[PDB]
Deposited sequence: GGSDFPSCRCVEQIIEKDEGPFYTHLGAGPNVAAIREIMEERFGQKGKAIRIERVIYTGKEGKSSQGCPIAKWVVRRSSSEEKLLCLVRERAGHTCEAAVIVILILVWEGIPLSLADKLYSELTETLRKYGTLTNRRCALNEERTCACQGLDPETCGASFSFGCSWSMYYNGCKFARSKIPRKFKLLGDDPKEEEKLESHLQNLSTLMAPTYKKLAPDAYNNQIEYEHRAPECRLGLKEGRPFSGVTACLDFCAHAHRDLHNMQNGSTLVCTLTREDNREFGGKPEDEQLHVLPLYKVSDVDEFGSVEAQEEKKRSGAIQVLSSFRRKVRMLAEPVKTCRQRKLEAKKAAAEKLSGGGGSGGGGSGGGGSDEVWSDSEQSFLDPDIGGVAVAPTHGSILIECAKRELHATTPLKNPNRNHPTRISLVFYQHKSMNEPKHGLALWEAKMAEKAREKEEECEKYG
């Protein structure tokens, strides 16, 4: 759409549905309008796309810079990318929005408790490729099967076998299936996530209207493939991640021109603004580094944030981890090894920009397009997790009524 000219990967994935404008100043104007507040309440960080991925010696997620909530006065964090070379009307795009005070703290406290107890006792683990490094030998979730970090997926999901909702053949699908057949437990679980899906829809509409609008386009066509209890239902699936290390990946089944909302819950020792948690999980963009200047282009302003901790400049580590003796085999013992990261820290252009999302916060990013990851916990324990994330998304080709049951019957009706 611009004659800056064409457009490549050197500048990063291009999209505007989280927001775009000719300069950082214009982004503040958009965000102040959406959020209803001007000034210190909104924080914008410029991040530079380098295309060079930060990872450990074993190929597992690491951070290099941590963007942390600067003060209780900061309500909304915005990460932006100024696209290299562009002077057009979409020169600066929004790649992540973080609402610090996303849901009520009393609900976050209760969801932390309810989801942990329900899922550890009744949850069916969902196997995902991003649970493992590329060599598939790492142990970032932990090795105790009773306690290891894990991911549980609910709602509707896309299926290559139907090119549509996996529930195409299910009379009365179970969107929140738990081990056994305890309907009362599944209904409680369902009610919590349906309620939360209902609470977050308006927050999504408010802060990322274009993305939100794309996700409700076929709401009245495929309502069986949407969550939520009130008009305006952008979400289709929800995944709960309990101390789960999501290795660098993109959410490739996600619908184009959408986004994912991540609601973070944290263990009880990490719920005060100025607190030293024994551990914490971070959300990382491994292809980005931080700028030398703040939102307004001041070097000293950026240096003040570095020494204040609002941007935590991390340093290299050398730790001992476990490596599986055999890789985990695909759908189709252990030994100790050193894991380093000096190499990611020696190159200033190897990326690793992390945010530290708080209890009850809401994170919005286009996970289909941006490589993203979560850091492994020191002692993962899904029975008492350091962090729970609830990832709300809509997969592609989820626009048929009744989970696509009509097209499937019509499909098999092409018979001989």
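- Stretches of the deposited sequence absent from the structure, as judged by C-alpha coordinates, are 1 to 6, 12 to 13, 341 to 368, 453 to 463.
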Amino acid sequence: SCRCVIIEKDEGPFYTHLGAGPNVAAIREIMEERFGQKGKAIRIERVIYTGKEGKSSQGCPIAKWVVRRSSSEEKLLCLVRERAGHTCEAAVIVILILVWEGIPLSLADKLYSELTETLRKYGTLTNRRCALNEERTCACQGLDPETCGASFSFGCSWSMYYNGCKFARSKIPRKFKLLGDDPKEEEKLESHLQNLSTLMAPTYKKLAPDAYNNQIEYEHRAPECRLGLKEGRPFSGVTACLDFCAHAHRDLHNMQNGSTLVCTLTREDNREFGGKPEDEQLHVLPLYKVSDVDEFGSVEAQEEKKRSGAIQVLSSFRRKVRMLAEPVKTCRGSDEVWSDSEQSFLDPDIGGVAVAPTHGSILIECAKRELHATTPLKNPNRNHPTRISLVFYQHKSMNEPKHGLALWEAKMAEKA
From here on, numbers count along this sequence of modelled residues.
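- When the other compared entries with both flanking residues are checked, residue 5 is unmodelled in at least a third.
- Set 169 to 177 against 90 to 98 and average the Cα temperature factors; 169 to 177 ends up higher.
- Comparing 257 to 265 with 160 to 168, the stretch with the higher mean C-alpha B-factor in the PDB entry is 160 to 168.
- Note on the listed residues 285, 321, 201, 130: the highest Cα temperature factor in the record is that of 321.
- The top Cα temperature factor in the record, among 277, 149, 232, 155, falls on 277.
- Compared with the other modelled residues of the chain, the Cα B-factor recorded for residue 309 ranks in the middle third.
- Per the deposited record, the Cα B-factor of residue 226 falls in the middle third when ranked against the other modelled residues of its chain.
- Among the modelled residues of its chain, residue 18 has a C-alpha B-factor that falls in the lowest third according to the deposited record.
- Per-chain ranking of the deposited C-alpha B factor places residue 193 in the lowest third.
- Compared with the other modelled residues of the chain, the Cα B-factor recorded for residue 379 ranks in the highest third.
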